[PDB]
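What follows is one chain in structure tokens, specifically the form deposited in one PDB entry.
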């Protein structure tokens, strides 16, 4: 019916911004906290058309049940951190663990956002690449602000899907 992608990460890393750049083409400098939003986009699925549903989650820890349900229903996951915050990278570890616990063949992308702020970088790409290796997932850096690697993010994620032929 649909192909479901969920986006996780700490508050302020750019989850909403990556999703909005991809789906709507827009960017805002203002921070607007999210509870849980979803967006649909028409994509190709096998020799037919379906929707991609993207779930933009919260970085609040106050909704653990909601977060577990979002993991359960997702087909593919994007784990976002900010290259300017080592703490935001560390905060993805428990999320990765919950995906493994609940899912027990799953596209997963580790994404270092805000790569336009390389001068204030705290997480070197080499370190995030090492983590992605241990997690056996893909890695890339993005900038929602610059529209750097935003289309590529979703293209690469759907290309990792081998249980279904999904593309943009």
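Residue numbers count along the first chain shown, from 1. Heads up, when I say rigid core I mean the largest set of C-alphas that superpose within 1.5 Å between the two forms.
The protein also exists as the form deposited in another entry; that form is not presented, and the subsequent description refers to it.
- Core-superposed comparison between the shown form and the other one: the CA of residue 138 stays below a 2 Å shift.
- In the core-superposed comparison between the shown form and the other one, the C-alpha atom of residue 128 has shifted by less than 2 angstroms.
- Core-superposed comparison between the shown form and the other one: the Cα of residue 99 travels less than 2 Å.
- Compared with the form shown here, the C-alpha atoms of residue 32 and residue 152 sit at least 3 Å farther apart in the other form.
- Between this form and the other one, the CA-CA gap for residue 20 and residue 32 widens by 3 Å or more, being larger in the other form.
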